[PDB]
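Colleague: Before I ask anything, here is the structure I am working with.
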Amino acid sequence: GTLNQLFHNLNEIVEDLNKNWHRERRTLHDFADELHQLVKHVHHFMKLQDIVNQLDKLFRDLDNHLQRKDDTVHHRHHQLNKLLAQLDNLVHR
Amino acid sequence: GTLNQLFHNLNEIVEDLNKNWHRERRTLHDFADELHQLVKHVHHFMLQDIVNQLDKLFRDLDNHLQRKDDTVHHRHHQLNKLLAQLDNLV
């Protein structure tokens with residue numbers, strides 16, 4: 001009865017979390033791509049080497065960050081869904 | 001009963017969320033710091049269509065990070081309420 005309240009509340013939180021992740025992931029992936037583009041671009045222009053090198057380092061840091069983000073969100077996402085399904089079962093029983 | 005397993009599991013999940021945010025936040029702020037220093041370096045170096053794009057990216061990320069701080073603040077305050085309530089029920 002109150003268990004129903006928490007389920008509702010958690011379900012909403014987990015949906016919100018998912019939606020934010022979709023938004024973040026797009027924002028950061030476009031971000032990276034534009035970085036990529038600008039690294040390609042600077043490499044087409046050519047002293048200016050410190051700049052391109054540093055952008056390349058930054059592209060790869062981010063790129064590395066997003067891969068690990070994908071894996072981490074994938075795991076938490078299944079752990080929260082698993083848990084919501086358990087709540088679902090326990091409330092209605 | 002089994003609402004114990006559910007509480008404990010959610011506790012752990014919420015702590016991991018929290019841990020991974022601080023790791024996240026750090027990684028991206030440092031990343032933004034460099035980007036800024038870089039923009040600021042090139043600005044003084046400067047064709048110049050690139051500093052425009054560079055300064056665009058910086059605020060793109062800076063915006064994202066301020067937004068995130070707020071979003072994370074809200075979510076975690078919600079999950080704290082919920083856990084408190086859940087452990088109250090056990």
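For the structure tokens, the naming scheme is as follows: chains receive sequential letters (A, B, ...) according to their order of presentation, residues are indexed from 1 within each chain, and ligands are indexed from 1 in presentation order.
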Could I get the residues of chain B with an atom no further than 10 Å from an atom of chain A, each paired with its nearest atom pair and that distance in Å to one decimal, using only C-alpha atoms, sorted by chain and residue number, as a tab-separated table?
Modeller:
```
residue	atom	partner	partner_atom	distance
B:2	CA	A:90	CA	8.4
B:3	CA	A:90	CA	8.1
B:5	CA	A:83	CA	9.7
B:6	CA	A:83	CA	6.9
B:7	CA	A:83	CA	9.7
B:9	CA	A:83	CA	7.9
B:10	CA	A:83	CA	7.7
B:13	CA	A:76	CA	7.2
B:14	CA	A:76	CA	9.5
B:16	CA	A:76	CA	8.6
B:17	CA	A:76	CA	8.0
B:20	CA	A:72	CA	8.6
B:24	CA	A:65	CA	8.4
B:27	CA	A:65	CA	8.1
B:28	CA	A:62	CA	8.2
B:31	CA	A:58	CA	7.1
B:32	CA	A:58	CA	9.5
B:34	CA	A:58	CA	8.4
B:35	CA	A:58	CA	8.1
B:38	CA	A:51	CA	7.6
B:39	CA	A:51	CA	9.7
B:41	CA	A:51	CA	9.1
B:42	CA	A:51	CA	8.0
B:45	CA	A:48	CA	9.6
B:47	CA	A:45	CA	8.5
B:50	CA	A:38	CA	7.6
B:53	CA	A:38	CA	8.1
B:54	CA	A:38	CA	8.4
B:57	CA	A:31	CA	7.1
B:58	CA	A:31	CA	9.8
B:60	CA	A:31	CA	7.8
B:61	CA	A:31	CA	7.9
B:64	CA	A:27	CA	8.0
B:68	CA	A:24	CA	8.8
B:71	CA	A:20	CA	8.5
B:72	CA	A:17	CA	9.4
B:75	CA	A:13	CA	7.2
B:76	CA	A:13	CA	9.7
B:78	CA	A:13	CA	7.8
B:79	CA	A:13	CA	7.9
B:82	CA	A:6	CA	6.9
B:83	CA	A:6	CA	9.3
B:85	CA	A:6	CA	8.2
B:86	CA	A:6	CA	7.6
B:89	CA	A:3	CA	8.6
```
Colleague: Just give me the gap between CA of residue 73 in chain B and CA of residue 23 in chain A in Å, one decimal is fine.
Modeller: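 Spanning CA of residue 73 in chain B to CA of residue 23 in chain A is a straight-line distance of 17.1 Å.
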